[PDB]
Amino acid sequence: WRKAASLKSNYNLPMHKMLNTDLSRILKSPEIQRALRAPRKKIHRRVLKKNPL
Amino acid sequence: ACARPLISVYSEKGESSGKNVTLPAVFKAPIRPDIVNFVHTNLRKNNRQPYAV
Amino acid sequence: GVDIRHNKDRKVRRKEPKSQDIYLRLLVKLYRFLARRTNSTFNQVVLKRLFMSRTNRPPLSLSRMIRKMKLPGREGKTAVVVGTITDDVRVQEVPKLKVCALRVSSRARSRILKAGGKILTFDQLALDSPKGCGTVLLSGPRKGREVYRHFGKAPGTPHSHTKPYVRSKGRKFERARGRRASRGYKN
Amino acid sequence: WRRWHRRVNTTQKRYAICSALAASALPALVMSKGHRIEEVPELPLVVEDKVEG
Amino acid sequence: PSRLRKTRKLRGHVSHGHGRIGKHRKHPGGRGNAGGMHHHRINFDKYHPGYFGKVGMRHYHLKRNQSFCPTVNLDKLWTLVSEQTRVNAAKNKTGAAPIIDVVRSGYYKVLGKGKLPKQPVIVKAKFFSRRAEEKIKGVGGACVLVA
Amino acid sequence: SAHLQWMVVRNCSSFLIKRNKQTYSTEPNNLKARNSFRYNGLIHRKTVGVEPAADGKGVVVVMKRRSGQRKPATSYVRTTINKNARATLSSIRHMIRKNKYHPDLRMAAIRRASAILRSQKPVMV
Amino acid sequence: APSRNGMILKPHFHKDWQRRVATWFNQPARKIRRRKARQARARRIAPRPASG
RNA sequence: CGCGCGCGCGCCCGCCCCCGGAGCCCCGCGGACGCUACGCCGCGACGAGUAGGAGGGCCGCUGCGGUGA
RNA sequence: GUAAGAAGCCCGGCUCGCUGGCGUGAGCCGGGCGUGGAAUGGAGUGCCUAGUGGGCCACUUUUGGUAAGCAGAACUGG
RNA sequence: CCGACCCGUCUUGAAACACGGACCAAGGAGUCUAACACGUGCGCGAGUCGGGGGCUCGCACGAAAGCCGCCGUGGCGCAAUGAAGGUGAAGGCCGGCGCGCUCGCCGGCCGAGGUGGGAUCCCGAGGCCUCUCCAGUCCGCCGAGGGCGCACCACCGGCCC
RNA sequence: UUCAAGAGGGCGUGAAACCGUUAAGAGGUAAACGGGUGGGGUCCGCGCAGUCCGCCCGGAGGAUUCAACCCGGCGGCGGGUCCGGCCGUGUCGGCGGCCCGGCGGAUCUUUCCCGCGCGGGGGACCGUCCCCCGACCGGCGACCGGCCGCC
Ligand SMILES: [Mg+2]
Ligand SMILES: [Mg+2]
Ligand SMILES: [Mg+2]
Ligand SMILES: [Mg+2]
Ligand SMILES: [Mg+2]
Ligand SMILES: [Mg+2]
Ligand SMILES: [Mg+2]
Ligand SMILES: [Mg+2]
Ligand SMILES: [Mg+2]
Ligand SMILES: [Mg+2]
Ligand SMILES: [Mg+2]
Ligand SMILES: [Mg+2]
Ligand SMILES: [Mg+2]
Ligand SMILES: [Mg+2]
Ligand SMILES: [Mg+2]
Ligand SMILES: [Mg+2]
Ligand SMILES: [Mg+2]
Ligand SMILES: [Mg+2]
Ligand SMILES: [Mg+2]
Ligand SMILES: [Mg+2]
Ligand SMILES: [Mg+2]
């Protein structure tokens, strides 16, 4: 990364677009978790209309 | 720059000797199958031998 | 029956990047979560631009960045881009910057780091500021291309400063009936 | 006079060569490609330079 | 790739995508660019104006090497030289005023598009423009001609 | 990394099976044998696997050693245990829970084990 | 028969261009013949420079 | 605004462990039997079709490269 | 066919080879004042682009013709 | 029991007293190159391309693969305009020498101009729940109002031939 | 004779149209067709009961090891008062390899020379790859010997 080839006359390696791929390790950090809303796991379904009259 | 650990040599009956080599920065380059598939399928044509009628 | 129309009941936006670049897709996994689980719109915008195509992600030049961040109030604040940073050799005095992007050219990389600057990625961004606080979205000239000169009203018309499609540029290839009063007319 | 052959830009071909070497480590990928490998002592496998003779 | 085409999708479909009232017949308008004055007058007055006629003088045996003048502006001038130069100038205060040949780096005429930072540079070139000559003396430099 | 290994290995792999609208995977140490991120032995820095004894009595347990990776010869630990099927499950349950070794695989292990022990008897008289 | 706003083009195919097509399939052998000739000359003129 | 407002336990004063598990429908310690995220789940509205335009095809035919110990 | 308000109203000051009893007009600056009839629903903008370019009927109006399952038109719907 | 006229095709209109068709198996009909326009995908980036040739493999693969003071001779691009000769893209603010004359000469500062709309970002009175009073530091969010204003659009203005 | 002539001299397999025979069924609005049921035959599976299976608790019967708890060895997980040491990065401190190591320079010395305005090695100078100790973030998923608890 620091120097270059010396046998190819100009070739430095490809650069990374995304350093840390440890995705689970990221999303479980405290920094992000503090910056979140609450989830919502409760589930709502087709209620059946009954007749009041 | 990322980590570059120590690789160990194995003599010609196994028998890990005391030689050690830190690996190169090639084995930390990014891995992209789409570019491999493209370069393969496109270079595997250049060995063809024509046909016709 | 129901008298309505179905010609305009599908919308023609993106839903995902059309490519298989896998590093892209992990970024997309991330920002969906943040857009889904946060009360912000910075997250929304970025998610929308990672789907975009490449003519919808033109390159930003080191020149514009400096002009847009030397403006008052934008001191100490991060610059954020969803494309590439090039170099502009028409600029000598490169100050301290804190840029974030996907790609960065090589000559541009060196100068930025030699002024004491810093270069980030979207991963290390979301660890420093999940919600976009202290940032500046920027964008390149989406109509910089030479394609947009041929568009609009047609040539062969009045008040149309539109470029035509011609093989070669010379003396014999236009510049006659249609463009001189002395030969036909002139729109 | 069909068009049998293809040209491909040099920088791409060099990239891919770098990529294949990387995944030559990472045991999981070797396993998946079907190589019975579960007894070698180290995966970037290296030996003395005597075996050239 | 034949398998990604739309001839692999018009099997069963009787006409292969070209109608029933009108058909894919051979050459039904002409053959080529025929009809700029007759029955294609409108495409060529509209989208290609300047096509029919004649204009200008004639130069019979024209050699494009006589007429050759590569151009450059002022902004893209300090890049012909390295960075040792521009920094070691404005330093040691002798009246350094370096020298810049354009004919070395493949350029003949100089043009005054942009601006440039304050150092008293010297320039050597075959041709100049009026504004370019001004800007240089304005910064405290000079201009020099060569053959 | 894990996702990186995964985004290559979704669709293209020698241990992959795709017929009859079903999709299975045969890599060693895959509980439930399905093509998944949660269930795959070759991807994680921590994995557990369960097999039958070769002699033909008991269960073989397999755990990864976490310290030296990239040298697969000595990355796996093995034990074979042969008891009365209530001690055997309880022993497993104690490994995982009390060491926190990938604890989202608990009951999957147990079901695989019981299946084996049920088979590893005179299923016929 | 033209259509909406393209180029005007003039291709040179109104002759019989098709008896007279030329393949560059002998490109490598042409290279290989030369080396063996280029080597052998320099062996004929033994110490003298090979270039000329 | 009376399904808590200061309830309980030792001796007002203090304790005020408490889910490595309270006690029944919110547990801010971690997880779905669901998590092939190119996945799983939920709601609500719609479905005519020639010429023609697009998409999905684990529908198919012949051969090349790898792979199914 | 127009109109039914923020692209509006008001206050004060600047520039002008334009026009000139003195003045008008237009443009620039800086301040003060938000619902402006009904009932409905997500709007806008840009590229590439196929097949078509023989028509037919009915109420009503309607031209030639003795009339027509005749010839030629306007409106809407098929 | 009820329903139900033979397929293809031309046509305003076909069950037709409009053409084709006894029956079966096999073949059979939207291609390849050259050039252009746009859309998508990849790589490098004011630069980018070795396609011609040469250095290394005898060529089992492989007529492949790698490499080059060729490393850019050159092509496309970075600058337009005119029949041509030929010319050739930024300003202001302040102070000194002539009369702000819709005008010429000595010294500093900024600098690709402005108006309107404008995703996001910034500051922020008073706080939303705090078993009581007051003190009250970390954190969301509000929200009065107020600013820096990306691309892009409409207009004004300026520079080159 | 041959495994095979259900391979017999134009003899690998051996389709369809079209024919001969046998078995069943039917028959005055040419035949054929779609939806809905019925009847009959040919075959599959009953079983010649199909009473389906699995957890815990209770009961009566017999039976042989272990575990409960202790001790010994072996292996592994985790830890941080960062116990001691490595290693790795990121700039810094030491210019410390810069000549004790090289690459480049449209910077000078043309302070020199080499053959005489010059082509090259020297001498500075600038950058760029590397040596000795100190630090911390990112000690991070870069490895040991420790001590401790648990399995
Ligand atoms: Mg419809
Ligand atoms: Mg539509
Ligand atoms: Mg159709
Ligand atoms: Mg078509
Ligand atoms: Mg047809
Ligand atoms: Mg027609
Ligand atoms: Mg076109
Ligand atoms: Mg439909
Ligand atoms: Mg059309
Ligand atoms: Mg029709
Ligand atoms: Mg007719
Ligand atoms: Mg018909
Ligand atoms: Mg008839
Ligand atoms: Mg006919
Ligand atoms: Mg006939
Ligand atoms: Mg056939
Ligand atoms: Mg393109
Ligand atoms: Mg036989
Ligand atoms: Mg036979
Ligand atoms: Mg036969
Ligand atoms: Mg028969």
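Residues numbered from 1 in each chain as written, not as in the entry; some residues may be left out. Chains lettered and ligands numbered in written order. Part of a larger assembly, values for the part shown. Heavy atoms only, no water.

Per the deposited record, cryo-EM is how this structure was determined, to a resolution of 3.13 Å.

All names here are of chain C. The geometry of helix α1 (residues 22-37) relative to helix α2 (residues 42-49) is characterised by a closest axis approach of 9 Å and an angle of 150° between their N-to-C directions. Comparing their axes, α2 and α1 come out roughly antiparallel. α2 is crossed by α1, and the crossing has left-handed handedness. Of the residues in α2, those in contact with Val 28, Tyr 31, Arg 32, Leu 34 and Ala 35 of α1 are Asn 43, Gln 44, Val 46 and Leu 47. Residues of the contact of α1 with α2, tallied by class, amount to six nonpolar, two polar and one charged. (Axes fitted to C-alpha atoms, helices over the stretch in contact; angles between N-to-C directions. Helix = DSSP H or I, 4+ residues; strand = E, 2+ residues; numbered from the N terminus. Parallel < 35°, antiparallel > 145°, perpendicular 65-115°, else oblique. Left-handed = near helix turned anticlockwise from the far one by under 90°. Contact = heavy atoms within 4.5 Å. Nonpolar A, V, L, I, M, F, W, Y, C, P; charged D, E, K, R; others polar.)

This part is about the interface of chain D and chain B. Taken together, the 26 residues of chain D in the interface contact 24 residues of chain B. Between chain D and chain B the total buried area reaches about 2300 Å² when both faces are included, carbon and sulfur atoms providing 64% of it. It is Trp4(D), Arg6(D) and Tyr15(D) that lose the most area in chain D upon contact with chain B, and together they represent 27% of the buried surface on that side. The partner of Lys50(D) in a salt bridge is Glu12(B), with the nearest N and O atoms 2.3 Å apart. Its residues assigned to classes, the side of chain D that touches chain B shows 15 nonpolar, four polar and seven charged. (Buried area = accessible area lost by both parts, 1.4 Å probe. Salt bridge = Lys/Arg side-chain N within 4 Å of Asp/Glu carboxyl O.)

Moving on to the interface of chain G and chain C. Contacts between the two partners involve four residues from chain G and, on the opposite side, four residues from chain C. For the pair chain G and chain C, the two sides together bury roughly 360 Å², of which 56% comes from carbon and sulfur. Counting every contact that joins chain G to chain C gives zero residue pairs in polar contact. Its residues assigned to classes, the side of chain G that touches chain C shows two nonpolar, two polar and no charged. (Polar contact = N/O pair within 3.5 Å; in protein donor to acceptor, adjacent residues only side chain to side chain.)

Close contacts around RNA strand J come from 86 residues, with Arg32(B), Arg64(C), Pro72(C), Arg131(E) and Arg35(G) the closest. Here a sugar or linking oxygen of RNA strand J sits 3.2 Å away from a polar atom, N or O, in the side chain of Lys77(C). Here a phosphate oxygen of RNA strand J sits 3.0 Å away from a polar atom, N or O, in the side chain of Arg180(C). Listing elements by their share of the surface near RNA strand J, those giving two or more residues are α2, α3 (62-69), β3 (84-86), α4 (106-114) and β7 (135-137) of chain C, α1 (10-24) of chain D, α3 (130-139) of chain E together with α1 (27-44) of chain G. Considering each element in turn, the surface near RNA strand J owes the most residues, seven residues, to α1(G). Residue classes in the surface near RNA strand J are distributed as 17 nonpolar, 31 polar and 38 charged. (Near = heavy atom within 4 Å.)

In this section: the pairing of strand β4 (residues 59-64) of chain F. Residue and element names in this part refer to chain F. Taken across its six residues, β4 has five buried, putting it largely inside the fold. Pairing geometry for β4 and strand β5 (residues 76-81), over six bridges, is antiparallel. Of the residues in β5, the one forming a bridge with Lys 64 is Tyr 76. (Buried < 20%, exposed > 50% of the residue type's maximum accessible area, 1.4 Å probe, protein only. Pairing = 2+ DSSP bridges.)

Next up on the list: the sheet that holds strand β4 (residues 122-125) of chain E. Residue and element names in this part refer to chain E. Taken together, the three strands give an open sheet; going across it, the order is β2-β4-β5, and neighbouring strands pair in parallel fashion. Every other strand in the sheet has two partners, leaving β2 (99-101) and β5 (142-145) as the edge strands with one partner each. Adjacent strand axes in the sheet meet at a mean angle of 25°, parallel and antiparallel pairs treated alike. Bridging between β4 and β5 involves four bridges; their strand directions are parallel.

Okay, the pattern of salt bridges next. Under the criterion given, the structure shown has 12 salt bridges over all chains. Within the structure, one salt-bridge network assembled from shared partners comprises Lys17(A), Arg32(B), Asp34(B) and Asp21(C).

With that out of the way, let us pick up the nonpolar core. By size, the foremost hydrophobic cluster in this structure holds 31 residues, and its most contacted members are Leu30(C), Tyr31(C), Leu34(C), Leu50(C) and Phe122(C). Broken down by secondary-structure element, the contributors of at least two residues to this core are α1 (23-27) of chain A, α1, α2 and α5 (122-128) of chain C together with α1 (2-9) of chain F. Ranked by residues supplied to this core, first place goes to α1(C) with 10 residues. Setting aside chain neighbours within four positions, we find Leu34(C) in contact with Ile32(A), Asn43(C) and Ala126(C). Counting 16 residues, the second largest nonpolar core, distinct from the first, contains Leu62(C), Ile85(C), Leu97(C) and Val104(C). (Core = buried A, V, L, I, M, F, W, Y, C linked by side-chain atoms within 4.5 Å.)

Before going further, it helps to spend a moment on unusual backbone geometry. All names here are of chain F. If you check the backbone angles, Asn 20 has positive phi at about 55° while not being a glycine. Among the structural elements, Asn 20 can be located in the loop between β1 (16-19) and β2 (22-25). Backbone geometry at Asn 29 places phi at a positive 60°, although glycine is not the residue there. Along the polypeptide, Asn 29 turns up in the loop between β2 and β3 (48-52). Its relative accessible area of 14% is what places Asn 29 among the buried residues.

Further remarks concern a positive patch on the surface. All names here are of chain C. The grouping of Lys 163, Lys 169, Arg 175, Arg 179, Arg 180, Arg 183 and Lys 186 at the surface amounts to a positive patch. Among the elements of the structure, β8 (179-180) and β9 (183-186) are those that each provide at least two residues to the positive patch. With respect to the helices, strands and loops of the structure, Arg 183 is situated in strand β9. (Patch = residues over 30% accessible without salt bridge, like charges linked within 9 Å, V, L, I, M, F, W, Y side chains within 5 Å. Areas by Shrake-Rupley, 256 points an atom, 1.4 Å probe, with all protein chains shown as cover. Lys, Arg positive; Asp, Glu negative; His and termini not counted. Charge placed at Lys NZ, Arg CZ, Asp CG, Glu CD.)

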